[PDB]
Amino acid sequence: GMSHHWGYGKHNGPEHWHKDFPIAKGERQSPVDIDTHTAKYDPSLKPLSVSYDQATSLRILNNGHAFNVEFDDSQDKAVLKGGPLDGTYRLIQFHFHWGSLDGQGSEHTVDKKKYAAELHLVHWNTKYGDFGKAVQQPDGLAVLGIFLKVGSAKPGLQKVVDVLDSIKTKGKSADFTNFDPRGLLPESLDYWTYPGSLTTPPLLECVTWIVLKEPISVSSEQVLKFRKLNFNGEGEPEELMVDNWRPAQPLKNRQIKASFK
Ligand SMILES: Nc1ccc(C(=O)c2ccc(-c3ccc(S(N)(=O)=O)cc3)cc2)cc1
Ligand SMILES: [Zn+2]
């Protein structure tokens, strides 16, 4: 991706992506608007299983598009299974998408409602051996999406907020061990699920999306720190990292299933 030039600006944003990534106009693109009245309860869906007890984080990186909290996925730890999934998916990283204002920022929307941000916990299907091979498969990844609204602070998110000062610009990373992703989960695991794609280039259609119905609350101060990050690298004109979200895409030939009635 040494020659990629996509971003979220007026000349390289989502509406431009299809030129270098034609799959952008594909049959199973993400995100999508979740029409709560049309999503059908599927009694066959099994309970979701999120086992993060042994998760081991290693580093946090500003990649110029968002910041990723990376995990050591060399061993069978931090796994997502159950729900609509067959097999076991291993946690590799999580990141967020957010807005310049509290009124926008999420990628998925609920009955057209936009949340202030959206957390993505990315997992890859162990049957494919590694992350790189998994993204080349239709059932290669499982991304758990969690909406963020502004209200009370999320204690579990503060460690992340405080380390952002050290990775302000593109390319910067910092040691980030012992971060517990369980602190970012809402109480309920009720969810909607549908087949989709990565929401940023290469936009590969390799994701089983599992979006939780219950948002988590974060404080205004916490999301304000997210907005102080930079898309640019050190020594370059400052472009605040805000509105790094892709808008809802056509649902086309797909059905969104609900795990609850
Ligand atoms: N064959 C490949 C190997 C690695 C890669 C990547 O480096 C890569 C980059 C970004 C992503 C990615 C992951 C999650 C999301 S999201 N926002 O839908 O959760 C977006 C992009 C996936 C793979 C792509 C193709
Ligand atoms: Zn994402």
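Scope of the values below: all heavy atoms of this structure, side chains included, with no hydrogens, waters or symmetry mates. FYI, the numbering just counts along the sequence from 1.
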Going by atom types only, do [X] and [Y] share a side-chain donor-acceptor pair under 3.5 Å?
X: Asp42; Y: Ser44; result: yes
X: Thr36; Y: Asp111; result: yes
X: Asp33; Y: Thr109; result: yes
X: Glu239; Y: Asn232; result: no
X: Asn253; Y: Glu27; result: no

Q) For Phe226, what residues pass the ring-ring contact (aromatic ring centres under 6.0 Å, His included) criterion, not counting sequence neighbours? A)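 By the ring-ring contact (aromatic ring centres under 6.0 Å, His included) rule, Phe226 matches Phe67, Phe96, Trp98.
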Counting heavy atoms not belonging to [X], are there more than 12 under 6.0 Å from its [atom1]?
X: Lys252; atom1: NZ; result: yes
X: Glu238; atom1: CD; result: yes
X: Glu214; atom1: CD; result: yes
X: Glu236; atom1: CD; result: yes

If we ignore hydrogens and angles and just use 3.5 Å, is the side chain of [X] paired with the main-chain N or O of [Y] as donor and acceptor?
X: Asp180; Y: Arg182; value: yes
X: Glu107; Y: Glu118; value: no
X: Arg28; Y: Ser197; value: no

Do [X] and [Y] sit in the same hydrophobic cluster, where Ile, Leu, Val, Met, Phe, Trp and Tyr count as joined when their side-chain heavy atoms come under 4.5 Å apart?
X: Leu184; Y: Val122; value: no
X: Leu58; Y: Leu91; value: no
X: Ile34; Y: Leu144; value: no
X: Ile256; Y: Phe147; value: yes
X: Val143; Y: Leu61; value: no

Q: Could you please spell out the steps behind the side chain to side chain donor-acceptor pair (under 3.5 Å) verdict for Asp243 and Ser100?
A: CA-CA 6 Å; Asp243 295 316; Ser100 52; 2.8 Å; yes
Q.
Taking side chain to side chain donor-acceptor pair (under 3.5 Å) as the definition, give me every residue that meets it alongside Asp76, ordered by chain and number, with sequence neighbours left out.
A. none
Q: Any chance you could measure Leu80, atom CG, to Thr88, atom OG1, to the nearest 0.5 Å?
A: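 It comes to 8.5 Å.
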Q: Using ring pair (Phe, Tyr, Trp, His ring centres under 6.0 Å) as the criterion, point out the one residue from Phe71, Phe94, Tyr52 that pairs with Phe179.
A: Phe94
Q | Aromatic plane relationship, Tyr194 with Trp209 - under 30° parallel, 30 to 60° tilted, over 60° perpendicular | A |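 If you compare the ring of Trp209 with that of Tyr194, the planes turn out parallel.
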